[PDB]
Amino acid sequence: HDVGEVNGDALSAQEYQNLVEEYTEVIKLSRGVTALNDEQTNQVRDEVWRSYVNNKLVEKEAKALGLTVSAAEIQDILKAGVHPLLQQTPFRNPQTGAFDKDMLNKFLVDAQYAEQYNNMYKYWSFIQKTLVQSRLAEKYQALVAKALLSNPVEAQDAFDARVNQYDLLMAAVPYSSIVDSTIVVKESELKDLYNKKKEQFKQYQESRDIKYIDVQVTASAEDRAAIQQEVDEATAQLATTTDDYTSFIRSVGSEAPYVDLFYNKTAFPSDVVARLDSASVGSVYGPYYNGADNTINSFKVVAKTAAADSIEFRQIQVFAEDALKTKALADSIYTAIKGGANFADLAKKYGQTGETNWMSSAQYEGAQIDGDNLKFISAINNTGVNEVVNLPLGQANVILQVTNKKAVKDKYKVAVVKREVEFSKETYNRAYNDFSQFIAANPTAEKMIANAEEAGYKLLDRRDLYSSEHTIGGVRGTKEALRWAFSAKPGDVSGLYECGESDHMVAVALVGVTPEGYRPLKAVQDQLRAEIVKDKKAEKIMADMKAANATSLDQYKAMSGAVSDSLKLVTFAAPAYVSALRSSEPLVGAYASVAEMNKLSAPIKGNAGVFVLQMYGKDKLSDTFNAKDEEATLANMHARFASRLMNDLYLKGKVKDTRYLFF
C-alpha cells in the first residue's frame, strides 16, 4: 500500500510516514512548541508531499541532462557559509554566531553509548538534503531562464509599443443595449463550440459534488443554569476565602490556575484584564459571561503593587553529602558575603561563576510554578537591592544577592474562577437521536435534500471537492467522511460521523462525480453560452450599423444606444480605459498602432461593445532607444513568464496522490 506516484515511481506509506516524522521534529525544534494540532499536522503532511513531488519532478529532468550537485559542491557551499539555509542553524561559532563548518565535522564514535542527543545527525542530514535538492532545482531553473534571450526585433517592437501615443475619437454601441432574451442559443451551437474548444475543458483530477449537514451541539438552558449555579457557589466561597488561593482555585476546577506571585496585567485572561480597572482589591467581581471562550467567570484581586519587573541578582548554590554539612556550609558562605567577601571569588571556590544575571517576570509568566521555583522566585522579588539571603530549598541552599531592580510596573495577584459552559450528555444524546432518526428516514440523497429544511437541518453545498482536502466543510475529524465520499456512488447518503471536538455531527450526500478526463458540457455551459451570446450581439450590432449606412463618426453617434468618447495617449502596450463603456479595451491600441490619420475605422468587436475609431493626433515620448536595455527587460520578462514550469513538469509527470486512502 503506497500513498502516490510520480513518473511511475511510487512512494510507500512507510517512507511517507518517515518523512512526515522527520519534518515534524524539525518543525517543533524551530517553532518552539513540542506538539502540533490537527490542522498544523495536515499542513506538515501537505508540505512533505509537495516537496517530495517537486524534487521527483526535478530529478527526472536533472538525471537526463546530467545536472547534479556533487560532494565537492556541497563542501564548497558548506565552507562558504552564506547559503540562506545555513543561517538559522545550530552549528554556529560561539562568538560570531555564524555557521562554522569545523565544529560540524563530527565523529563516528557513538555500553559504549553514553547519551543519545546525537540523533542530531538526523537533523543535519535533513538540512543537507534540503540544501542539495534546492541547489539542484535552482541550477535547473537558471539554465532554462537564462536561455530565454531577446532579440532586436522584439526590442524595437516593445519600445515602439511604449513610446508611440495616439489620440482618437470613438463611437460605440455597448453589448448591454441588446436584451439577452432576444438572442437564441441552440443546444447544437453549445455542442459545436464545446467540441471545437474541447482541449480547454480538461479535468486533471477527479472531483465530486456533495451536500452535507454539519450539526454543532451547544449547551442548553438547563446545562448553562447548572454551571451558573456552580460558579455562584464558587464565587460565594471565593468571597469568604482569605488565604491558600492556589488550593481553593484548584478545588473548584477553574480553567485559570492561581500562582501566589505578582504578574503584569497581561498575564491574566483578557476578559479579566478588561475588568481590572473597575475591580477593587479584596472584592469578588461577580459572575459574568464571556462570549469569546464560552465561560462564566468571577475573580478576586488578591493584591496590587508597584514592583520591579526586572531583577538583577547573583547566586551560589550549596549542596553537600547530608543536611548537617549543607547547613553549616551555607551559613559559613553567608557569613563571608555579609562581611564583605567578594561574591565572584567565593563562588569560584565552589565551582560556579557567581556572575550577576537578570530575570524578568516574562520568563516565568505562564509556567506552572511551585516547590523550589516558587520559593526561589518569591525570594528574589522580596529581597532588597544589595541584601543577601540564605534561602533553604528542600535539599539545597542558595546564597542569593539582589544587585539591581528596574522596570517598575503595576503588578497583580488575581484569583480567577473560569468555567466553560459545556453541554451535558443529555443534550448531546438528544441531538444525536434526532439526527440519526433523520438520516435513517432519508437514506438517499434525493430524500435528504428534499426534507432537510422541514427537519430543521441546514443543507450545505460543496462542488468540485477534491480528495486532497482532509476535511468535509472544514470540520475537524471528518477525513473518514471524505474517504467515504470518494468511494460512494451518486445518490448515496453516508452514516452519522461524530467529529469536531466531540461536539459536531456530519452526514454527507453524494450528488455527482466528475471523473478525470474532460469536464462535461453541463459544467462549462455558462461560459460557452456567454461567448456565443457576445458573438451574436456583435453580429446584430454590426448588421444594424450596415443597415443604417453609417459612414461617418456622426452617423455612428446617431444610432440607438451609441456612446462616444475621446481617447488620449493611447498606446499598443497598455490597454485603453474607455469611460463611455466603463471598460478596458486593448483592441483600441491595436487599431491605433497601424491606423491612418483622419480615417474612420471599420467596426471592431471589443470587450464591452462594438466600436469605431478615428485618429486625430499622434506623438512620441522623447525616450532614446537602447537595444541592450530593452532586451534585458524582455529577457527578465521571459524568466518571470516561465517561472511556473514546475506545473508543466507536473502535468507530464503522471502524478497520483492516494494519501487520503490511509491518513
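So that there is no doubt, residue numbering starts at 1 and follows the sequence shown.
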What does the record say about the segment between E222 and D223: how many deposited residues are without coordinates (none, 1 to 3, 4 to 9, 10 or more)?
none
Got a sec? Mean C-alpha B-factor, which is higher, 384-392 or 192-200?
384-392
Looking at the entry, does 95-103 or 73-81 show the higher mean C-alpha B-factor?
95-103
Given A142, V173, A367, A573, identify the residue with the highest C-alpha B factor in the PDB entry.
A367
Highest CA temperature factor in the entry: which of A639, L645, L19, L651?
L19
Which third, lowest, middle or highest, does the C-alpha temperature factor of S601 belong to within its own chain?
lowest
Third of the chain's Cα B-factor distribution that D38 belongs to, per the entry:
highest
Third of the chain, ranked by Cα B-factor, where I27 sits
highest
Which third, lowest, middle or highest, does the CA B-factor of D293 fall in along this chain?
middle
Split into thirds by Cα B-factor across the chain's modelled residues, where does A440 land: lowest, middle or highest?
lowest
